[PDB]
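> Could you work out the structure for the sequence below:
(chains A and B)
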Amino acid sequence: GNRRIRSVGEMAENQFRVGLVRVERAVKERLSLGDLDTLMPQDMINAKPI
Amino acid sequence: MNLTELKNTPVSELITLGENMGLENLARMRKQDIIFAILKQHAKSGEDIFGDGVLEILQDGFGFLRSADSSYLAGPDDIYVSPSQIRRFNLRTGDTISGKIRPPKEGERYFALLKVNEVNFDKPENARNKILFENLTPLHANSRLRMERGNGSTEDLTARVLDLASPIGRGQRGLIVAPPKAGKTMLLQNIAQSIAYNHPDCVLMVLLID
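Numbering: from 1, shown residues only, chains lettered A, B, ... in the order given. Structure data below:
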């Protein structure tokens, strides 16, 4: 009653969220010093961490 | 604060200005480095810097603004043009760009472009809508580009003989066939002088390779 089962679903959600926050850090660092109507939302999210 | 204005200034005045601004000894320094240091010191005060040049888009996607006084040679004072702005304004190789620039920050080597003010010596709203050169309808030479001076000078004989032999019009595609040691230099000089005298409105460009 004190031990759980963590299958592939949660184990993948955790890693996906880790990659997502690693991307969000750089996205916020860029948008904090960004210019409105200068870049598209596709040139500010590096897909490499995910 | 324009790049060409500082490029036209002599070395002595730039050295004096740099010494008045309170920087490192500029006597043992290149003129380009002096201009770079002056631009850095002037931008540290918060003022804006402006530049211009011909765009040269690289194969990767970025580009620089070459200068005409250096025969479009790769210089340290070239203005970096991000591919984002190229994709936003549909810029191509040859477009004259004039806008505000900033000195390179830590880890950069070239000036960056913030806002473009004038494109091809015209408003960007007129350059965004334009017909490509590959779509223009060709035609034969219609307007007459007379080469005769008319001042009665002794050098006008060459222009008179050229007009009597082969008149030149707008859009002409000719050839000056001549063996070496014939007088091509003087003939080209006379042609250029007659073009600059008779038709000063046309854009004259002399290309001398090798």
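> who touches the residue positioned nearest the centre of chain B in this structure?
Nearest to the geometric centre of chain B sits residue B:68, at 3.8 Å (CA atoms, centre = their mean). Applying CB atoms under 8 Å, 6 or more residues apart in numbering or on different chains, one finds that residue B:68 lies in contact with B:53, B:54. Quick note: C-beta positions are derived from backbone N, CA and C, even for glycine.
> where's it relative to residue B:205, distance?
Per CB to CB, to the nearest Å, residue B:68 is found 10 Å from residue B:205.
> circling back: and the residue nearest to the centre of chain B, helix, strand or coil?
At residue B:68, secondary structure determined by DSSP: H, G, I helix; E, B strand; the rest coil is coil.
> distance of residue A:49 from chain B?
According to CB to the nearest CB, to the nearest Å, residue A:49 stands 21 Å off from chain B.
> Please report how far the residue nearest to that residue when sequence neighbours are not counted lies from chain B.
Nearest residue to residue A:49, sequence neighbours excluded (CB to CB, 6 or more residues apart in numbering or on different chains): residue A:22, at 4.4 Å. Using CB to the nearest CB, residue A:22 is found at 22 Å from chain B.
> hang on, residue A:22 packs against residue A:48?
No - Residue A:22 is beyond contact range of residue A:48, at 9.6 Å (criterion: CB atoms under 8 Å).
> So for those two, which residue has more residues nearby?
residue A:22 (14 against 8; other CB atoms under 10 Å in any protein chain shown).
> Quickly find the element holding that one.
helix A:8-32 (DSSP states H and E).
> what ranges do the strands span in chain B?
Using DSSP state E, the strands of chain B run over residues B:49-57, B:63-66, B:79-80, B:96-102, B:111-119, B:144-145, B:168-169.
> want to throw those into CSV with distance to residue B:2 and mean neighbour count?
Conversion of these to CSV gives the following (distance: least, CB to CB, whole Å; neighbours: other CB atoms under 10 Å in any protein chain shown):
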stretch, distance to residue B:2, mean neighbour count
strand B:49-57, 5, 18
strand B:63-66, 13, 22
strand B:79-80, 12, 19
strand B:96-102, 9, 19
strand B:111-119, 12, 17
strand B:144-145, 33, 14
strand B:168-169, 36, 14
